[PDB]
């Protein structure tokens, strides 16, 4: 299970860039995706989607050493963005926020690589 510290160095640096994007106006776009909605608040979300995720769980995956490469971590971030775009309708705030966090992560994966 223990993974190389230099890979873990980057795996947290990609997510921290995604977590801390203020978008000039001073609004953290990635603050709603930190913790999943409570299952007792509205079950319709858990009924509509097949696999739930959130950045608290993605941060814990580095601590548990689940992700073995950048491709495994990218699989879950695109799946999280897909869950947002599936439940939320086109034109809403969360739909456009996940579209911004999708691009911010693609540029962050490249910057970290080279």
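Between two forms, the rigid core is defined as the largest C-alpha subset superposing within 1.5 Å. Positions refer to the first chain, counted from 1.
Once the structures in 8 other deposited structures of this protein are superposed via the core, the pair 24-32 and 65-73 is resolved in favour of 24-32 as the more displaced stretch (C-alpha RMS).
Relative to the displayed structure, the C-alphas of 41-49 lie farther away on average in 8 other deposited structures of this protein than those of the other candidate, with 41-49 and 77-85 compared after rigid core superposition. Between 80-88 and 40-48, the higher mean Cα B-factor belongs to 40-48. In the deposited entry, the Cα temperature factor of residue 24 sits in the top third of values across the chain's modelled residues.
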